[PDB]
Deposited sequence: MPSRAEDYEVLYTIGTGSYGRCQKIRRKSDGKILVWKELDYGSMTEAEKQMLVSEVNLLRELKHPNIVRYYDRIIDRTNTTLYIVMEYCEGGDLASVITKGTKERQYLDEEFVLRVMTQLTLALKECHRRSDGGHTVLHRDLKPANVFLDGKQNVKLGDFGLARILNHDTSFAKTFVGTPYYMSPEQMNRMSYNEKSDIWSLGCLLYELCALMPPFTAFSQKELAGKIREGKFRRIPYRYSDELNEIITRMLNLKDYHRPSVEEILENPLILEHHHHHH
């Protein structure tokens, strides 16, 4: 409830994200620093609405947001959440590139399974689905988090023309799983106009051959140009590839 109840250990990323320890029990967590000092009251009311919505999101595959803290003399809002020791998927992918080493299919199956269930929960309740918004804990669990300039690698053909569309999320997941496998996005280009052209032709290289035809097929379906040809979250979870151990475990 009060920032004094926690001790900052060190900064993770820079508002700042920080690893913290709760004094009462020694519990490891993180908080996100939001400086609302230059925000209007209308923007603060907005921010309050968003923070109450985060508190309501309880799901093994979604970053758990525990608390909120206001420091009035620092005009700083702190969002306290679980600590995900594994970092984000972006870093995993960049690690793969450097190591010249592809990720295990088992790992890709875990991400596919757990992110789909995350998405399934988000739809039931009715955000940005990219590697830098997907996090890993210390137990092989995958969690969706974070609810110009640069190219929109994952922008679906519908979003290009015109979402809101749940099949648009499936395309984004396809892009993400594809980049996990090939260590590069399915569609690359130097300009957003070139990119859009590539996206509309709907063509891409098969994921590397170390990955099964079955994994390649489901990712390919998610990247269908027609939103109605992409599998739903339910049809995804029905896939013979997806087994119990791919799901979360406490």
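Asks: Mind pulling out the bits of the deposited sequence that never got modelled, as residue ranges from 1?
Replies: According to the record, the gaps fall at 1-2, 17-19, 132-139, 161-175, 191.
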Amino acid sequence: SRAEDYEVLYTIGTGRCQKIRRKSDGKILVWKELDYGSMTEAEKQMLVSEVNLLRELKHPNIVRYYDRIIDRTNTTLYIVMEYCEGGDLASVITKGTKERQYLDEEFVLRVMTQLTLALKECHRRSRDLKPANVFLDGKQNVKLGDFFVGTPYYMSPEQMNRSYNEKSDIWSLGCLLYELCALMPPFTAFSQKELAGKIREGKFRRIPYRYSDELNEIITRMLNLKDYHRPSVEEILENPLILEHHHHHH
From here on, numbers count along this sequence of modelled residues.
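Each form is matched to the other, and the largest set of C-alpha atoms that superpose within 1.5 Å is called the rigid core.
Asks: Core fit done; bigger CA RMS in 9 other deposited structures of this protein for 178-186 or for 32-40?
Replies: It is 32-40 whose C-alphas lie farther from the shown form in 9 other deposited structures of this protein.
Asks: With the rigid core held as the alignment frame, decide whether 207-215 or 46-54 lies farther from the shown form in 9 other deposited structures of this protein, in terms of RMS C-alpha distance.
Replies: Taking the RMS over all superposed structures in 9 other deposited structures of this protein, 46-54 lies farther out.
Asks: For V80, does the count of other compared entries lacking it reach at least a third?
Replies: Counting only entries that model residues on both sides, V80 is resolved in every one of them.
Asks: With neighbours modelled on both sides, does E166 go without coordinates in a third or more of the other PDB entries compared?
Replies: no, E166 modelled in all other entries.
Asks: Test of understanding: from the entry's C-alpha B-factors, which stretch has the higher mean, 24-32 or 217-225?
Replies: Averaging CA B-factors over each stretch, the winner is 24-32.
Asks: Comparing 186-194 with 66-74, which has the greater mean CA B-factor as deposited?
Replies: According to the entry, 66-74 carries the higher average C-alpha B-factor.
Asks: Among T94, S163, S172, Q114, which residue carries the highest C-alpha B-factor recorded in the PDB entry?
Replies: Each of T94, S163, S172, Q114 was compared by C-alpha B-factor; the highest is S163.
Asks: Among the candidates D104, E85, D146, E179, give the one with the maximum CA B-factor reported in the record.
Replies: The record points to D146.
Asks: Against its chain's modelled residues, does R125's Cα B factor rank lowest, middle or highest third?
Replies: Highest third of the chain for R125's C-alpha B-factor.
Asks: In terms of the CA temperature factor given in the entry, to which third of its chain does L89 belong: lowest, middle or highest?
Replies: Answer is lowest: the recorded C-alpha B-factor places it there.
Asks: Within this chain's modelled residues, let me know which third the CA B factor of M81 belongs to: lowest, middle or highest.
Replies: For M81, whose C-alpha B-factor we compare with every modelled residue in the chain, the answer is the middle third.
Asks: Taking the values exactly as deposited, rank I199 by C-alpha B-factor within its chain and report the matching third: lowest, middle or highest.
Replies: Its C-alpha B-factor, which the entry lists for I199, ranks in the middle third among residues of this chain.
Asks: By the recorded C-alpha temperature factor, relative to the other modelled residues in its chain, which third is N141 in?
Replies: According to the entry, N141 has a C-alpha B-factor in the chain's lowest third.
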